[PDB]
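**Q** here's a sequence, model it:
(one chain, ligands or ions: 13)
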Amino acid sequence: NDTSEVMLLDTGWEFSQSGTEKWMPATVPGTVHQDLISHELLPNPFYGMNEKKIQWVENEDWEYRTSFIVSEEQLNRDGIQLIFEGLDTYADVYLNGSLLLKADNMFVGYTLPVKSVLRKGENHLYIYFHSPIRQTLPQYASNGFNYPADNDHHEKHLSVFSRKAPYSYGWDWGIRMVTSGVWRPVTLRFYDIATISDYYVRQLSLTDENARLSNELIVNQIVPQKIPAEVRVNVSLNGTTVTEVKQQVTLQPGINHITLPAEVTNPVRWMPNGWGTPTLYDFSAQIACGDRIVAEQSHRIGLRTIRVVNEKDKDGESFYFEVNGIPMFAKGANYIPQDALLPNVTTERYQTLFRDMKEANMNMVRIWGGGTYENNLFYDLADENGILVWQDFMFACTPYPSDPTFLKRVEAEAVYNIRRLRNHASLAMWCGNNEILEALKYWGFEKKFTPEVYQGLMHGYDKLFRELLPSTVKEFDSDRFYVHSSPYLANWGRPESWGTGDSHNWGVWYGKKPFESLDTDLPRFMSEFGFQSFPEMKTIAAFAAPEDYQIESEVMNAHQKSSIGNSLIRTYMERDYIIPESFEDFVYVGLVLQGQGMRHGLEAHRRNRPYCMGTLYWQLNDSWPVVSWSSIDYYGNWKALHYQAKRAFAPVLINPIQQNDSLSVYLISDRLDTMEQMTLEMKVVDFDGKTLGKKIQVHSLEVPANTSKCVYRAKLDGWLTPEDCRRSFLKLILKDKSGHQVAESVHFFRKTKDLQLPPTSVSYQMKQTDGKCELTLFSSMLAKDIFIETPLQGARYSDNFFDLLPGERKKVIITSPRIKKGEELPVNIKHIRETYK
Ligand SMILES: [Br-]
Ligand SMILES: [Br-]
Ligand SMILES: [Br-]
Ligand SMILES: [Br-]
Ligand SMILES: [Br-]
Ligand SMILES: [Br-]
Ligand SMILES: [Br-]
Ligand SMILES: [Cl-]
Ligand SMILES: [Cl-]
Ligand SMILES: [Cl-]
Ligand SMILES: [Cl-]
Ligand SMILES: [Cl-]
Ligand SMILES: [Cl-]
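**A** Numbers count the residues shown, from 1 in each chain. Ligands and ions are numbered 1, 2, ... in the order given. The protein structure is shown below:
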């Protein structure tokens, strides 16, 4: 609500491969690749072997153009700014014969004063995008060594020279699409007197009784006179004013700094997912000049404390988050770009992914440093879903340059994004990079370079990650934690270091260690651990013809970038499952495997609180159709791992853990309230539905807030025979004093491959309407790890990848806007015994 007028330059753009004099319609925001696809000038880059066929684009320059009209009335506004929220990457901006800007950083928004260049009538904007490959060949040639960036899929590692999304050059789950273009919106704003260049709501203090805020405004006045104004900040909640403050000023030409204190008595705090409401106040700053509101800016603000506790202690060095005074065990995942082509990621897709996180009970997401600083919508959704955000700076897995020019470019992206993000309730901490010091010290790299260059890399590390970035956080976001790297010291190979900070476990997967190692190999905080899976068949069909379905085939090694890939999946599967003959059935067990194995680790982490205070698995999501460590595939389909993470992160969890022919049962709660007079009930049930022995009852159980506690141990010997352990399972239920159920769990006493699973039909009734299909499933005998498979991309399930227990009916709701009444939903139910003879 101000007097400015904004024109979106988001239609009527054209592009041209440089020097062909051929122009065609473009979509802006967008990418060169998508503009080509859309005129059938590229094949589907995700389909089959098209990866090799699309690389040529990275070697060309690309130009974009648009025309707009400006009226005499508009040209008579005091000020007119052209805003680029993003240019990828080396971009020459020309308006009406003027070079406005030589852009050189994908991660920076540019605000350009243009009134003096604009013309009544037609106006011509041209943007020239230099190939970031050809732009940096001479830079590389001058360097006289290749930076060891193995995820840059090219002999010459040119990524490290450019402030560009690292993953664009490739990665061990990624396609190489080194694209260009106007990747975020272009707006022209026509205004009077000034704009608000920045609005920071700085929390000075927070108690139950009062919140103290400093409203800090930078106002850019574009007229040459002194202008009396009143600054106003309105604090509102759900449309109702809570407090109003104002301040007389006389704005000077150029930058003005304005500071207004405001207080909220009896503040309603922002809570993370699980602990209550993620309450957001509306803070609105207005600049009023007489009758007219010349500038306004708002932020949604959450009133909370977040402290990162990173202190020497008996165990080494703690690493945990205290939210509103309470240690909060972190439960979430590492997030990567949702697409090879970032502007194709829509509002719906961002909303669905946060629905996926919130429904799996997560309270944290790490924006890993080989992606982007996410758009404003991402942080807004993290705010309104109660997800803490761990923000890496966009450096990952290689040393980077540290020359003055390079540092100046990084300082600019750090100041831009810190100011862009520092008003979000969700933002919890900054991290300098992903695994750069680990890589410098341990991946070797030392053996690859002269000592001279090595020493240059080591001092270069300090200049960027221990000086420039920490000092910048201290200046612009002084109450947020910064750490130079994840992991900061813990090395997976060095068990003595595990008590010290966050860990990236590479024992599971790279080191081939069994999932069971995660019960003994305990970190203070798991920032990264993971396991691959092939995605389900409807997702393979999207990139592969039926001809092409094989475990180490051509396209199934092309769709794996890790190279050890498909082999590790078979090696791990054989330990716990019978390997099926059919590709389809192997795909299904592979989803089950990744699910069970990772859930086991996620449970170990919560079980070992307080020693361990969080787990973020690698990885939530995918950028394209591919074999990856994801829990959600590129089309939004939940793998078994997503259902399993949800189960393992449930606020109260019954965790039966069997080691050394003994069972222990823990009760784990992340609730803020302590539960009293609880009963654990267990009974041993055979795969036919017959109870073995008596129900076991443990009464008088306290479940204190934010603890893991053991409530029952029993040696297996004398309780069940080896034959029994292959033939039955443990059913566990937790109930309050009044016998109402608050949690259940199922426990198997042997590896699935060692189970005597009876042959069985899962039968179902199906009630199908618009958008919806309600299945009632039944099997008189145990059906293990059932997978209700439909060919409908993106279908959501109330539940899936669960055991259907003997005799016990189970309701499952499947939903999709594409479910039409009368076209019966194709449904194929798989279970483990079905996969071998
Ligand atoms: Br201007
Ligand atoms: Br400006
Ligand atoms: Br000032
Ligand atoms: Br955006
Ligand atoms: Br060298
Ligand atoms: Br530091
Ligand atoms: Br055992
Ligand atoms: Cl504070
Ligand atoms: Cl005043
Ligand atoms: Cl040397
Ligand atoms: Cl609960
Ligand atoms: Cl176990
Ligand atoms: Cl329940």
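
**Q** for the strand or helix carrying residue 585, which positions count as buried?
**A** Here residue 585 sits within helix 583-607, counting by DSSP states H and E. For helix 583-607, burial by neighbour count (16 or more other CB atoms under 10 Å) applies to 583, 585-607. No exception for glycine: its C-beta is placed from N, CA and C like everyone else's.

**Q** then stretch 278-295?
**A** 278-289, 294-295.

**Q** gap between the two ends of that stretch?
**A** Counting by CA to CA, to the nearest Å, you get 28 Å between the two ends of stretch 278-295.

**Q** surely residue 654 forms part of a helix?
**A** No: checked against DSSP: H, G, I helix; E, B strand; the rest coil, residue 654 lies outside a helix; its state is strand.

**Q** right, and it touches residue 732 too?
**A** Yes: counting by CB atoms under 8 Å, residue 654 does reach residue 732; the two are 4.7 Å apart.

**Q** which neighbours do those two share?
**A** Common neighbours of residue 654 and residue 732, using CB atoms under 8 Å, 6 or more residues apart in numbering, are 665, 680, 744, 745.

**Q** want to throw those residues into JSON lines with neighbour count?
**A** Shown next, in JSON lines, are the shared contacts of residue 654 and residue 732 (neighbours: other CB atoms under 10 Å):
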{"residue": "665", "neighbour count": "23"}
{"residue": "680", "neighbour count": "19"}
{"residue": "744", "neighbour count": "12"}
{"residue": "745", "neighbour count": "18"}
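
**Q** tell me which two of those residues sit farthest apart.
**A** Across the shared contacts of residue 654 and residue 732, the longest distance by CB to CB is 12.3 Å; it joins 665 and 744.

**Q** joint contacts of those two?
**A** 654, 732.

**Q** distance between stretch 560-573 and the chain's centre?
**A** Taking CA atoms, centre = their mean, to the nearest Å, one finds the center of stretch 560-573 at 24 Å from the center of the full chain.

**Q** tally of neighbours for whichever residue of the stretch 551-700 of the chain sits closest to ligand 2?
**A** Here the stretch 551-700 of the chain gets closest to ligand 2 at one residue, residue 623, 34.9 Å apart by CB to the ion. Residue 623 sits with 25 neighbouring residues when counted by other CB atoms under 10 Å.

**Q** does it sit in a helix or strand, and which one?
**A** Per DSSP H and E, there is no helix or strand for residue 623.

**Q** quick one: the helices in the stretch 651-800 of the chain, in order.
**A** Listed in chain order, the helices of the stretch 651-800 of the chain (DSSP state H, counting those that start in this stretch) span 722-725.

**Q** can you pull out the strands in it?
**A** 652-659, 662-669, 675-686, 691-703, 707-715, 728-735, 741-747, 763-769, 772-778, 783-789, 796-797 (DSSP state E, counting those that start in this stretch).

**Q** single out the most deeply packed of those.
**A** Stretch with highest mean neighbour count among those: strand 783-789 (a mean of 22; mean count of other CB atoms under 10 Å).

**Q** check which helices and strands that strand sits against.
**A** Judged by 3 or more CB pairs under 8 Å, 6 or more residues apart in numbering; DSSP states H and E, the packing partners of strand 783-789 are helix 583-607, strand 772-778, strand 802-804, strand 828-830.

**Q** count of neighbours near the residue nearest to residue 503 when sequence neighbours are not counted?
**A** Of all residues not flanking residue 503 in the chain, residue 523 sits nearest, at 3.3 Å (CB to CB, 6 or more residues apart in numbering). Residues near residue 523, counting by other CB under 10 Å, number 29.

**Q** then the one 3 residues further on?
**A** Around residue 526 there are 27 other residues, counting by other CB under 10 Å.

**Q** in which helix or strand does it reside?
**A** Per DSSP H and E: residue 526 is located in strand 525-528.

**Q** okay, buried residues for the helix or strand following that strand please.
**A** Sequence order places helix 537-540 as the next helix or strand after strand 525-528, per DSSP H and E. For helix 537-540, a neighbour-count test (16+ other CB under 10 Å) marks 537, 538, 539, 540 as buried.

**Q** what sits up against helix 537-540?
**A** With contacts defined as CB under 8 Å, 6+ apart, helix 537-540 is touched by 534, 549, 584, 587, 625, 633-635, 637, 789-793.

**Q** residues contacting residue 714?
**A** Contacts for residue 714 (CB under 8 Å, 6+ apart) come out as 662, 663, 696.

**Q** nearest to residue 204 among these?
**A** residue 663 (52.0 Å).

**Q** just checking, the closest one touches residue 711?
**A** No: Residue 663 is not in contact with residue 711 according to CB under 8 Å; the separation is 11.7 Å.

**Q** chain center to stretch 582-589, what's the gap?
**A** With CA atoms, centre = their mean, you get 28 Å for stretch 582-589.

**Q** what does stretch 390-407 give?
**A** Worked out by CA atoms, centre = their mean, stretch 390-407 lies 20 Å from the chain centre.

**Q** ok, now which ones touch the residue lying closest to residue 582 once chain neighbours are set aside?
**A** Closest residue to residue 582 apart from its sequence neighbours, by CB to CB, 6+ apart: residue 835 at 7.7 Å. Neighbouring residues of residue 835 by CB under 8 Å, 6+ apart: 578, 580, 582, 585, 588, 589.

**Q** and for the first one, the neighbour number?
**A** For residue 578, the neighbour count with other CB under 10 Å is 19.

**Q** that one contacts residue 836, doesn't it?
**A** Yes: contact status for residue 578 versus residue 836: in contact at 4.7 Å, counting by CB under 8 Å.

**Q** shouldn't residue 25 be within a strand?
**A** Yes: looking at residue 25 with three-state DSSP, it is inside a strand.

**Q** residues touching residue 280, list them.
**A** Listed by CB under 8 Å, 6+ apart, the contact partners of residue 280 are 270, 300, 301, 302, 383, 384, 425.
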